[PDB]
Amino acid sequence: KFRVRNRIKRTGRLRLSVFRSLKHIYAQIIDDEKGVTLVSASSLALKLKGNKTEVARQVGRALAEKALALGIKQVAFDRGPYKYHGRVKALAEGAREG
Amino acid sequence: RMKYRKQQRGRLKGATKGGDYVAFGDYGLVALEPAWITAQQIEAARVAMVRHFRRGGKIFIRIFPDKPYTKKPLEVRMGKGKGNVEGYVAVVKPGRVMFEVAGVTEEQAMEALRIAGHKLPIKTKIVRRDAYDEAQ
Amino acid sequence: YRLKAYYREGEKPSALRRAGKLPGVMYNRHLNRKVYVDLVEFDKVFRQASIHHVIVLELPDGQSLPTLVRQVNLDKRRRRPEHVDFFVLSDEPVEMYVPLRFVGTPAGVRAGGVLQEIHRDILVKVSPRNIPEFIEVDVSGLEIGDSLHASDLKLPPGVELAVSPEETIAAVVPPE
RNA sequence: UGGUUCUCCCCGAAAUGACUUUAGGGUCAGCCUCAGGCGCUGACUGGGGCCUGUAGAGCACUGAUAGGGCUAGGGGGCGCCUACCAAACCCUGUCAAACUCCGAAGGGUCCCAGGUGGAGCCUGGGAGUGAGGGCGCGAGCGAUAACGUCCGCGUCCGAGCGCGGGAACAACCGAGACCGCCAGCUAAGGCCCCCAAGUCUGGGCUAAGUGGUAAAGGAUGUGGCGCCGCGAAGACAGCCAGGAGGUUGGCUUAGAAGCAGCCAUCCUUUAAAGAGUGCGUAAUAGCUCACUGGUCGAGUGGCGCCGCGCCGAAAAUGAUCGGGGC
RNA sequence: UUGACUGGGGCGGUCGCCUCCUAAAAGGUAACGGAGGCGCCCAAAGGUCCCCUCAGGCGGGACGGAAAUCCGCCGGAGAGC
RNA sequence: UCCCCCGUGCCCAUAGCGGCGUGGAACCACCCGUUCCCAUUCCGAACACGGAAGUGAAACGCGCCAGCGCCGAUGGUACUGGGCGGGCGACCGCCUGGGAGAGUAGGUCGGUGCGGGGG
């Protein structure tokens, strides 16, 4: 089993919980200490193309505008099994860096 | 016959554990006063027990020494006693059932235990059964 | 058997105890009440009745409840009951211990050796309408050797043994 | 080490911690007193919020444990087999300062309140103390010895050897003495006399002078309650009479043929039923009911808790509960 | 000059620090009371990022104990530190 | 509104183990491949990328079951702040507040916010 929880090591509020399926990637901005979610940007549960990586971006841009819209910026990335690689949000806007 | 030992005297308060119930056997020997019973005593009783009815039934000794009884050599003061020397003992709080017999007549059984009591440094009482259990 | 069970109001358990009563309690998934009887009473009944046979209490107001004693407490110094919980029976299949009887005389006399009632009475799941008085033990062909346990009993109908099965229920051993 | 001189008033300790060639000495802290300053924050109490790991209790880990079961292995002839000799493992029972699945009362602290007290807090002047002791409760050491010894919480003595009680008596009971009174109420403990106040009024127990302070263990010592017999199937005590037949079955019989000792516990048969509890020797041979009629016509045998008492109980100058005497 | 403690002193033991217990559920707490350590060690045994999860028990496997190394289940911690 | 499912948090075993049928349209997974990114002390097993043919057998989701596990009263006691008697003592007992642990009855194969995709 993977006890990953690479997260849990999230203390500076605002979590960009991702989630790669086997076709669609979902990202989600969440507030801890007070369990609730705000910004969201799925893969095909949205629409756009059929190419993972390619999509993985236009799917992140999504969070950008969407988020910035309601006054969001500085945050920390996320997703544990994640393995910072292919899946990506390498995009402007959010000051989550990376 | 084990563990790290030469322990603290400690004391015997109320006999909140002085009062079980015949577990096996048929008749029994329950204690009335609290005390430390030297193994020397147990045997000295048990023996006379069996010995009272040569080639008889079964004897059950629920009490069991494990507490080390220390003692000084006949001098003054300087660290705990040589300890043990004489040996170990078991702690009996008024009510505990020490010995219990079975497989024999009450005339034989009852009279058997009576003797034991003389060996023990306490005051005893003899019991039958039919009492406690967990049935319905 | 039976015996008055006067409703316990709820005041000074000792007062009773000392006075003459004997605090108790009756209950099941439905009922739960404070009761009290009388030493001489309860004794005279239990001493022989115990908790193997059914007990029916006569509540001051008509009531006639079928019960059994699930547990009684003792005042260590000089065995004397302190409390009693009564199981108000009904119809649902219930658990309970039933007595056993060892008849005959298994080899063990030439040189001696006596048995050892390893489980006087056992619990077996059964429906109230049927509640065996005592069960039989056809053991008498075993010496200092082994012993019987579990499913070695002619457990009648509705007597699905409620144990392991494996509980050594008897054994014969050497003398002194 | 000893000594240290007039008077009154107010408050009043300490005998602990740390470090000390320190240990009957000393430095700082703690407790005392004085001056000034701050003013409800004091002790204690109520209601909330957490902290805790004891008493109990409990085996879930660490160990210990009696019995049975089951079972690697290991002795013994040796394949089968055989007593837990015996691993783990499952029950039944348990034990533990340095074990805990659990866990009180209680204790600690913060907040809000009550609380004007020889309460508090801040600064400064002066100290003494640093030799404690008893009692109660909780633990070590001891021997569940010591007016023993160490700690912990409290208290009293210390400094209240001032007052009442306890015969007397630092610390047990009562109670904190500015002073005066030939006034009253009460504490403790007392009310037969010494000796103030009932030979007070019911209801019971005890006959030892218990009371007037000793144990295991003993006895139909007394008084009050209980359960088992079982009594026209009318013995419970005198008492009559049989004192049954195969019983005289077992190693040892030299002798068990109860009246040697280890194996029995059947039968015949009725007065009834001794599979013999009893005086013996060589067994055996005899004795009494442990069974039954006649009268006799009634409470009798068997266990068990409770109150009081009795035996157990021997020391040294003359004895006694403080005395007398009950 | 030739120490102190010490149920008299001498002899004996001890003298600082760490950890359990005693210790009475906050701290703290004695005794020549019970029971063990320390007077060092790591240049990786330290940083950070990224991965992995033990010990046992049960089968199955050439040499192969009763754990050498493999494969398969079970095993929340009894290993490790 | 009420269903289904993919992410997530919270309560922290009454959601656990083990059984018993079900779900593939969606989702999810397993699958299809190893050219590229990047991979395993050797293995694309795991990480990873590219694809979607086939499957619900694994795994996960959802239900039912009590045999194991976990929970678990009420009563009643043990012990106990505080106060207090008896006895020479060892110890026993009452008053006033608190009050387990075991064991019984019994309960349980979850509960619940947030955001999404589908009828």
# chains A, B, ... in the order shown; residues from 1 in each chain; ligands from 1
>>> residues_around(residues="stretch 31-33 of chain C", least_positions_apart="4", cutoff="10 Å", atoms="only C-alpha atoms (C1' of nucleotides)", output="MDAnalysis selection string")
(chainID C and resid 7:9 24:27 85:88) or (chainID F and resid 74:75 105)
>>> interface_residues(of="chain B", to="chain E", cutoff="10 Å", atoms="only C-alpha atoms (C1' of nucleotides)", output="number ranges by chain")
B: 4-8, 76-80
>>> interface_residues(of="chain F", to="chain C", cutoff="12 Å", atoms="only C-alpha atoms (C1' of nucleotides)", output="PDB file with N, CA, C and O atoms (P, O5', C5', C4', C3', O3' and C1' of nucleotides), in the first residue's frame")
ATOM      1  P     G F  67     -23.405 -15.651  16.546  1.00  0.00           P
ATOM      2  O5'   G F  67     -21.897 -16.023  16.180  1.00  0.00           O
ATOM      3  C5'   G F  67     -21.411 -17.370  16.306  1.00  0.00           C
ATOM      4  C4'   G F  67     -20.023 -17.500  15.712  1.00  0.00           C
ATOM      5  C3'   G F  67     -19.004 -16.441  16.097  1.00  0.00           C
ATOM      6  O3'   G F  67     -18.403 -16.699  17.365  1.00  0.00           O
ATOM      7  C1'   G F  67     -18.918 -16.813  13.752  1.00  0.00           C
ATOM      8  P     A F  73     -20.330   1.291  29.720  1.00  0.00           P
ATOM      9  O5'   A F  73     -21.329   1.833  30.824  1.00  0.00           O
ATOM     10  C5'   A F  73     -22.349   0.981  31.354  1.00  0.00           C
ATOM     11  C4'   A F  73     -23.678   1.318  30.734  1.00  0.00           C
ATOM     12  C3'   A F  73     -24.797   1.496  31.743  1.00  0.00           C
ATOM     13  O3'   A F  73     -24.836   2.867  32.132  1.00  0.00           O
ATOM     14  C1'   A F  73     -25.487   0.032  29.998  1.00  0.00           C
ATOM     15  P     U F  74     -24.810   3.263  33.688  1.00  0.00           P
ATOM     16  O5'   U F  74     -26.086   2.513  34.271  1.00  0.00           O
ATOM     17  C5'   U F  74     -27.391   2.741  33.710  1.00  0.00           C
ATOM     18  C4'   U F  74     -28.361   1.698  34.201  1.00  0.00           C
ATOM     19  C3'   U F  74     -28.363   1.462  35.701  1.00  0.00           C
ATOM     20  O3'   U F  74     -29.180   2.421  36.374  1.00  0.00           O
ATOM     21  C1'   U F  74     -28.493  -0.601  34.508  1.00  0.00           C
ATOM     22  P     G F  75     -28.660   3.112  37.735  1.00  0.00           P
ATOM     23  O5'   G F  75     -28.742   1.941  38.805  1.00  0.00           O
ATOM     24  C5'   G F  75     -28.064   0.712  38.561  1.00  0.00           C
ATOM     25  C4'   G F  75     -28.819  -0.446  39.145  1.00  0.00           C
ATOM     26  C3'   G F  75     -28.265  -0.872  40.494  1.00  0.00           C
ATOM     27  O3'   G F  75     -28.981  -0.290  41.568  1.00  0.00           O
ATOM     28  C1'   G F  75     -28.171  -2.691  38.977  1.00  0.00           C
ATOM     29  P     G F  76     -28.198   0.120  42.899  1.00  0.00           P
ATOM     30  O5'   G F  76     -27.148  -1.063  43.115  1.00  0.00           O
ATOM     31  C5'   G F  76     -27.572  -2.337  43.645  1.00  0.00           C
ATOM     32  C4'   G F  76     -26.383  -3.243  43.911  1.00  0.00           C
ATOM     33  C3'   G F  76     -25.190  -2.653  44.640  1.00  0.00           C
ATOM     34  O3'   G F  76     -25.366  -2.578  46.036  1.00  0.00           O
ATOM     35  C1'   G F  76     -24.429  -3.987  42.839  1.00  0.00           C
ATOM     36  P     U F  77     -24.286  -1.786  46.910  1.00  0.00           P
ATOM     37  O5'   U F  77     -23.264  -2.921  47.334  1.00  0.00           O
ATOM     38  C5'   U F  77     -21.922  -2.591  47.691  1.00  0.00           C
ATOM     39  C4'   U F  77     -20.971  -3.561  47.048  1.00  0.00           C
ATOM     40  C3'   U F  77     -19.507  -3.189  47.166  1.00  0.00           C
ATOM     41  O3'   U F  77     -18.975  -3.675  48.396  1.00  0.00           O
ATOM     42  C1'   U F  77     -20.025  -3.738  44.916  1.00  0.00           C
ATOM     43  P     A F  78     -18.016  -2.730  49.277  1.00  0.00           P
ATOM     44  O5'   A F  78     -16.668  -2.706  48.423  1.00  0.00           O
ATOM     45  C5'   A F  78     -15.967  -3.938  48.139  1.00  0.00           C
ATOM     46  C4'   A F  78     -14.711  -3.679  47.336  1.00  0.00           C
ATOM     47  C3'   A F  78     -13.811  -2.552  47.814  1.00  0.00           C
ATOM     48  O3'   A F  78     -12.959  -2.960  48.876  1.00  0.00           O
ATOM     49  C1'   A F  78     -14.097  -2.404  45.468  1.00  0.00           C
ATOM     50  P     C F  92     -10.344  -5.405  58.132  1.00  0.00           P
ATOM     51  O5'   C F  92     -11.627  -5.262  59.075  1.00  0.00           O
ATOM     52  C5'   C F  92     -12.346  -6.432  59.508  1.00  0.00           C
ATOM     53  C4'   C F  92     -13.547  -6.064  60.363  1.00  0.00           C
ATOM     54  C3'   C F  92     -14.511  -4.999  59.864  1.00  0.00           C
ATOM     55  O3'   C F  92     -15.414  -5.436  58.864  1.00  0.00           O
ATOM     56  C1'   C F  92     -14.121  -4.685  62.178  1.00  0.00           C
ATOM     57  P     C F  94     -20.737  -0.583  57.552  1.00  0.00           P
ATOM     58  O5'   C F  94     -21.252   0.703  58.341  1.00  0.00           O
ATOM     59  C5'   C F  94     -22.415   0.613  59.183  1.00  0.00           C
ATOM     60  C4'   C F  94     -22.705   1.934  59.860  1.00  0.00           C
ATOM     61  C3'   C F  94     -22.905   3.145  58.965  1.00  0.00           C
ATOM     62  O3'   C F  94     -24.213   3.232  58.425  1.00  0.00           O
ATOM     63  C1'   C F  94     -21.459   3.716  60.747  1.00  0.00           C
ATOM     64  P     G F 103     -14.930  -9.192  31.328  1.00  0.00           P
ATOM     65  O5'   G F 103     -16.350  -9.662  31.871  1.00  0.00           O
ATOM     66  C5'   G F 103     -16.478 -10.914  32.562  1.00  0.00           C
ATOM     67  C4'   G F 103     -17.846 -11.051  33.182  1.00  0.00           C
ATOM     68  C3'   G F 103     -19.043 -10.794  32.279  1.00  0.00           C
ATOM     69  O3'   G F 103     -19.391 -11.910  31.473  1.00  0.00           O
ATOM     70  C1'   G F 103     -19.342  -9.686  34.346  1.00  0.00           C
ATOM     71  P     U F 104     -20.265 -11.678  30.140  1.00  0.00           P
ATOM     72  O5'   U F 104     -21.702 -11.258  30.695  1.00  0.00           O
ATOM     73  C5'   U F 104     -22.443 -12.155  31.554  1.00  0.00           C
ATOM     74  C4'   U F 104     -23.800 -11.580  31.911  1.00  0.00           C
ATOM     75  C3'   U F 104     -24.664 -11.075  30.771  1.00  0.00           C
ATOM     76  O3'   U F 104     -25.336 -12.114  30.079  1.00  0.00           O
ATOM     77  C1'   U F 104     -24.729  -9.528  32.561  1.00  0.00           C
ATOM     78  P     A F 105     -25.719 -11.902  28.539  1.00  0.00           P
ATOM     79  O5'   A F 105     -26.778 -10.713  28.586  1.00  0.00           O
ATOM     80  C5'   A F 105     -28.033 -10.892  29.262  1.00  0.00           C
ATOM     81  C4'   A F 105     -28.923  -9.691  29.061  1.00  0.00           C
ATOM     82  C3'   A F 105     -29.071  -9.198  27.632  1.00  0.00           C
ATOM     83  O3'   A F 105     -30.014  -9.936  26.870  1.00  0.00           O
ATOM     84  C1'   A F 105     -28.680  -7.360  29.074  1.00  0.00           C
ATOM     85  P     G F 106     -29.678 -10.301  25.340  1.00  0.00           P
ATOM     86  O5'   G F 106     -29.329  -8.892  24.674  1.00  0.00           O
ATOM     87  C5'   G F 106     -30.309  -7.834  24.650  1.00  0.00           C
ATOM     88  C4'   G F 106     -29.663  -6.491  24.384  1.00  0.00           C
ATOM     89  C3'   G F 106     -28.930  -6.295  23.064  1.00  0.00           C
ATOM     90  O3'   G F 106     -29.798  -5.984  21.982  1.00  0.00           O
ATOM     91  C1'   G F 106     -27.626  -5.418  24.831  1.00  0.00           C
ATOM     92  P     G F 107     -29.277  -6.158  20.467  1.00  0.00           P
ATOM     93  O5'   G F 107     -28.286  -4.932  20.252  1.00  0.00           O
ATOM     94  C5'   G F 107     -28.738  -3.577  20.453  1.00  0.00           C
ATOM     95  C4'   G F 107     -27.608  -2.605  20.202  1.00  0.00           C
ATOM     96  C3'   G F 107     -26.971  -2.702  18.827  1.00  0.00           C
ATOM     97  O3'   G F 107     -27.684  -1.927  17.874  1.00  0.00           O
ATOM     98  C1'   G F 107     -25.281  -2.657  20.489  1.00  0.00           C
TER      99        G F 107
END
>>> residues_around(residues="stretch 36-52 of chain D", least_positions_apart="4", cutoff="12 Å", atoms="only C-alpha atoms (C1' of nucleotides)", output="NGL selection string")
(:D and (103 or 106-117 or 119-125)) or (:E and (25-27))
>>> residues_around(residues="stretch 101-112 of chain B", least_positions_apart="4", cutoff="9 Å", atoms="only C-alpha atoms (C1' of nucleotides)", output="VMD selection string")
(chain B and resid 24 to 29 48 to 50 52 to 53 56 to 61 116 126 to 127) or (chain C and resid 113 to 116)
>>> residues_around(residues="residue A:20", least_positions_apart="6", cutoff="9 Å", atoms="only C-alpha atoms (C1' of nucleotides)", output="ChimeraX atom specification")
/A:26-27,82,87
>>> interface_residues(of="chain D", to="chain C", cutoff="12 Å", atoms="only C-alpha atoms (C1' of nucleotides)", output="list in words")
residues 67, 68, 69, 70, 82, 83, 84, 90, 91, 92, 226, 227, 262, 263, 264 and 305 of chain D
>>> residues_around(residues="stretch 4-6 of chain E", least_positions_apart="4", cutoff="9 Å", atoms="only C-alpha atoms (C1' of nucleotides)", output="NGL selection string")
(:D and (21-23)) or (:E and (14-15 or 32))
>>> residues_around(residues="residue C:63", least_positions_apart="6", cutoff="12 Å", atoms="only C-alpha atoms (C1' of nucleotides)", output="ChimeraX atom specification")
/C:2-7,56-57,88
>>> select_by_dssp(residues="stretch 16-79 of chain A", states="strand (DSSP E or B)", output="PyMOL selection string")
chain A and resi 16-17+20+25+27-31+36-41+76
>>> write_last_selection(atoms="N, CA, C and O atoms", output="mmCIF file, in the first residue's frame")
data_model
loop_
_atom_site.group_PDB
_atom_site.id
_atom_site.type_symbol
_atom_site.label_atom_id
_atom_site.label_comp_id
_atom_site.auth_asym_id
_atom_site.auth_seq_id
_atom_site.Cartn_x
_atom_site.Cartn_y
_atom_site.Cartn_z
ATOM 1 N N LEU A 16 -3.639 22.292 -3.518
ATOM 2 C CA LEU A 16 -4.017 22.072 -4.912
ATOM 3 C C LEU A 16 -4.041 20.571 -5.152
ATOM 4 O O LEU A 16 -3.214 20.033 -5.890
ATOM 5 N N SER A 17 -4.994 19.901 -4.517
ATOM 6 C CA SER A 17 -5.134 18.462 -4.641
ATOM 7 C C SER A 17 -5.425 18.077 -6.071
ATOM 8 O O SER A 17 -6.486 18.402 -6.595
ATOM 9 N N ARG A 20 -4.784 12.131 -11.023
ATOM 10 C CA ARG A 20 -4.702 11.612 -12.370
ATOM 11 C C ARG A 20 -5.423 10.278 -12.453
ATOM 12 O O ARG A 20 -5.156 9.364 -11.670
ATOM 13 N N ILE A 25 -7.549 14.096 -15.797
ATOM 14 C CA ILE A 25 -6.839 14.604 -14.628
ATOM 15 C C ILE A 25 -7.676 15.694 -13.964
ATOM 16 O O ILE A 25 -8.181 16.603 -14.628
ATOM 17 N N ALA A 27 -7.940 18.632 -10.807
ATOM 18 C CA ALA A 27 -7.208 19.448 -9.847
ATOM 19 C C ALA A 27 -8.272 20.085 -8.973
ATOM 20 O O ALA A 27 -9.394 20.295 -9.425
ATOM 21 N N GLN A 28 -7.928 20.405 -7.729
ATOM 22 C CA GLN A 28 -8.908 20.978 -6.827
ATOM 23 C C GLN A 28 -8.280 21.798 -5.714
ATOM 24 O O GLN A 28 -7.391 21.310 -5.018
ATOM 25 N N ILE A 29 -8.743 23.038 -5.554
ATOM 26 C CA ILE A 29 -8.240 23.928 -4.507
ATOM 27 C C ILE A 29 -9.084 23.735 -3.248
ATOM 28 O O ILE A 29 -10.298 23.955 -3.266
ATOM 29 N N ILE A 30 -8.429 23.338 -2.157
ATOM 30 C CA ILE A 30 -9.123 23.055 -0.901
ATOM 31 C C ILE A 30 -8.619 23.807 0.312
ATOM 32 O O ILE A 30 -7.423 24.064 0.435
ATOM 33 N N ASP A 31 -9.538 24.141 1.215
ATOM 34 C CA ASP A 31 -9.183 24.827 2.454
ATOM 35 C C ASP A 31 -9.304 23.880 3.633
ATOM 36 O O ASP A 31 -10.378 23.357 3.937
ATOM 37 N N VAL A 36 -13.502 22.436 3.296
ATOM 38 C CA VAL A 36 -14.307 22.927 2.184
ATOM 39 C C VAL A 36 -13.432 23.172 0.962
ATOM 40 O O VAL A 36 -12.250 23.472 1.085
ATOM 41 N N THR A 37 -14.032 23.059 -0.218
ATOM 42 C CA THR A 37 -13.325 23.259 -1.474
ATOM 43 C C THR A 37 -13.891 24.447 -2.248
ATOM 44 O O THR A 37 -15.081 24.744 -2.145
ATOM 45 N N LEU A 38 -13.050 25.116 -3.034
ATOM 46 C CA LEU A 38 -13.503 26.285 -3.785
ATOM 47 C C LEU A 38 -13.326 26.179 -5.292
ATOM 48 O O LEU A 38 -14.304 26.018 -6.022
ATOM 49 N N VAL A 39 -12.085 26.287 -5.759
ATOM 50 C CA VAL A 39 -11.806 26.207 -7.190
ATOM 51 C C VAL A 39 -11.689 24.753 -7.628
ATOM 52 O O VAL A 39 -11.252 23.899 -6.851
ATOM 53 N N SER A 40 -12.086 24.478 -8.870
ATOM 54 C CA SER A 40 -12.042 23.125 -9.422
ATOM 55 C C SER A 40 -11.818 23.154 -10.931
ATOM 56 O O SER A 40 -12.335 24.031 -11.623
ATOM 57 N N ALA A 41 -11.058 22.182 -11.433
ATOM 58 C CA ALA A 41 -10.769 22.092 -12.863
ATOM 59 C C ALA A 41 -10.480 20.656 -13.306
ATOM 60 O O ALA A 41 -9.331 20.216 -13.299
ATOM 61 N N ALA A 76 0.258 26.113 -2.284
ATOM 62 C CA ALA A 76 1.239 25.040 -2.406
ATOM 63 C C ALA A 76 0.649 23.972 -3.308
ATOM 64 O O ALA A 76 -0.569 23.776 -3.312
#
>>> closest_atom_pairs(of="chain F", to="chain A", cutoff="7 Å", atoms="only C-alpha atoms (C1' of nucleotides)", output="CSV")
residue,atom,partner,partner_atom,distance
F:9,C1',A:35,CA,5.3
F:114,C1',A:36,CA,4.2
F:115,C1',A:37,CA,5.3
F:117,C1',A:45,CA,5.5
>>> write_last_selection(atoms="N, CA and C atoms (P, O5', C5', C4', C3', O3' and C1' of nucleotides)", output="PDB file, in the first residue's frame")
ATOM      1  P     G F   9      -7.364  14.468   1.964  1.00  0.00           P
ATOM      2  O5'   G F   9      -8.296  15.382   2.872  1.00  0.00           O
ATOM      3  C5'   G F   9      -8.540  15.043   4.232  1.00  0.00           C
ATOM      4  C4'   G F   9      -9.471  16.045   4.855  1.00  0.00           C
ATOM      5  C3'   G F   9      -9.963  15.615   6.222  1.00  0.00           C
ATOM      6  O3'   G F   9      -9.034  15.981   7.232  1.00  0.00           O
ATOM      7  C1'   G F   9     -11.811  16.228   4.884  1.00  0.00           C
ATOM      8  P     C F 114     -22.206  20.613   2.759  1.00  0.00           P
ATOM      9  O5'   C F 114     -20.823  20.775   1.994  1.00  0.00           O
ATOM     10  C5'   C F 114     -19.838  21.698   2.482  1.00  0.00           C
ATOM     11  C4'   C F 114     -18.588  21.632   1.643  1.00  0.00           C
ATOM     12  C3'   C F 114     -18.793  21.512   0.146  1.00  0.00           C
ATOM     13  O3'   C F 114     -19.121  22.747  -0.454  1.00  0.00           O
ATOM     14  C1'   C F 114     -17.087  20.028   0.832  1.00  0.00           C
ATOM     15  P     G F 115     -20.127  22.762  -1.702  1.00  0.00           P
ATOM     16  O5'   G F 115     -19.219  22.271  -2.916  1.00  0.00           O
ATOM     17  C5'   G F 115     -18.068  23.037  -3.308  1.00  0.00           C
ATOM     18  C4'   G F 115     -17.165  22.238  -4.221  1.00  0.00           C
ATOM     19  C3'   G F 115     -17.764  21.614  -5.468  1.00  0.00           C
ATOM     20  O3'   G F 115     -17.957  22.566  -6.504  1.00  0.00           O
ATOM     21  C1'   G F 115     -16.273  20.080  -4.447  1.00  0.00           C
ATOM     22  P     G F 117     -19.283  19.101 -13.015  1.00  0.00           P
ATOM     23  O5'   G F 117     -19.536  17.780 -13.867  1.00  0.00           O
ATOM     24  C5'   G F 117     -18.532  17.278 -14.768  1.00  0.00           C
ATOM     25  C4'   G F 117     -18.607  15.777 -14.844  1.00  0.00           C
ATOM     26  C3'   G F 117     -19.988  15.227 -15.164  1.00  0.00           C
ATOM     27  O3'   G F 117     -20.237  15.191 -16.558  1.00  0.00           O
ATOM     28  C1'   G F 117     -19.118  14.113 -13.279  1.00  0.00           C
TER      29        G F 117
END
